[PDB]
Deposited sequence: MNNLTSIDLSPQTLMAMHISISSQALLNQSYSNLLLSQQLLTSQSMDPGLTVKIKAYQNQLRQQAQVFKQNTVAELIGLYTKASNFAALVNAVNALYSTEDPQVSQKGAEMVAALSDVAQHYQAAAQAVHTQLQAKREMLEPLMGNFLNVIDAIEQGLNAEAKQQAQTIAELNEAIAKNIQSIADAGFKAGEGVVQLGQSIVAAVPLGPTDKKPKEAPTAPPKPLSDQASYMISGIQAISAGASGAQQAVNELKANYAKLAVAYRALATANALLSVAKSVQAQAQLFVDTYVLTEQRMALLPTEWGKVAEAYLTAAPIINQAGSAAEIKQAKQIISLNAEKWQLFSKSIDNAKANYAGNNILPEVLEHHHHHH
């Protein structure tokens, strides 16, 4: 109705871009893990299962490469649009720093213009989300069929081997939680520099399929020290379980190691897609607010009404600059987290 009711703020955009970065950065590291993982050779012995494992491994590696190189760039592109918008709000602020007597009209047209820009960023986000949802609809059936392959083999295992399979599944779920604790401590809700590494954590004899796993960098300064000690303990026990299950069915151990790497990639893809689902609607809310504000900013034309508009605009400009720094940080993480360095 009047100046006090307009919302020129970034609304939930800052928190949403942090929650997106949270999962997308981790999924960047899981992509590098799938790409670093030694390929299974045609050891044969059981060529049927080997083809099925290699097929899934190759299809996952191809999807990890598409996320690492294409999807990340597409997200960095969305974040750049948020930076751009922040600059435009800061331009509206720069306008009000002049003693133009017709500032109310020039200001209202600029806000009405940003309204249209927000509507475009809405469409830009919707495009990325459609791409993410399309792949998600392909990755779930792919993983589901591979899980049917594993389960079909497991129903025919002896008592001891079926238990080594349960133990592997349990530790893979435990190690996931450990990695999540470690990454969240490094991320500090968008203020930190998320950095994870990798190493050979286990091996299955055939001559030797060597399984890669995520590790913390700086086993001394990474927030959640509890999680690092659990991770080392869990990897040690995981290595035993694989060597054990391998005496019964070696390629089953390989298959479970591949599925564990996939579970992390597909689960974090799905979370990245669900955090992204809300972004179009939010840009839409910014577009709707800016459109409504325009006529109100125009009516504020008295010396005092202008001073009050300048005040509101300057406050929302500072809010957008704080979000613009949150974006620069996220963009620097995506850049620096492109490499998954080795650890000993």
Can you list the gaps, numbered from 1 on the deposited sequence, where no C-alpha is modelled?
1, 208-228, 367-373
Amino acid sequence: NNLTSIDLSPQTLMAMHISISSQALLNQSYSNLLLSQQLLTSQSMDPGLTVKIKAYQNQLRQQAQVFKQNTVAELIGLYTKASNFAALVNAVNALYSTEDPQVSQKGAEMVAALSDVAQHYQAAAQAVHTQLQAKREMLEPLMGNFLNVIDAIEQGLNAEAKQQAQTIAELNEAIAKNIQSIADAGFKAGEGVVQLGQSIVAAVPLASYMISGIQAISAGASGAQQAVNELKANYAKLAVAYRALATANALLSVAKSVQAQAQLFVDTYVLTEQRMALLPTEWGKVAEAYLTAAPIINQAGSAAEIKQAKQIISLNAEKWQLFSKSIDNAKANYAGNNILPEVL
From here on, numbers count along this sequence of modelled residues.
Between 50-58 and 309-317, which has the larger average Cα B-factor in the PDB entry?
309-317
Tell me which stretch has the larger mean Cα B-factor in this entry, 226-234 or 255-263.
226-234
Which one of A124, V270, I214, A159 shows the top CA temperature factor in the record?
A159
Based on the PDB record, which member of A304, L39, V66, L35 exhibits the highest Cα temperature factor?
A304
Of the three thirds of its chain by CA temperature factor, lowest, middle or highest, which one includes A293?
middle
Quick tally, chain-level thirds of C-alpha B-factors: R136 sits in the middle
Which third, lowest, middle or highest, does the CA B-factor of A300 fall in along this chain?
highest
Check where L279 lands among this chain's C-alpha B-factors and tell me if it's the lowest, middle or highest third.
middle
Chain-relative C-alpha B factor for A87 (record values, thirds): the middle
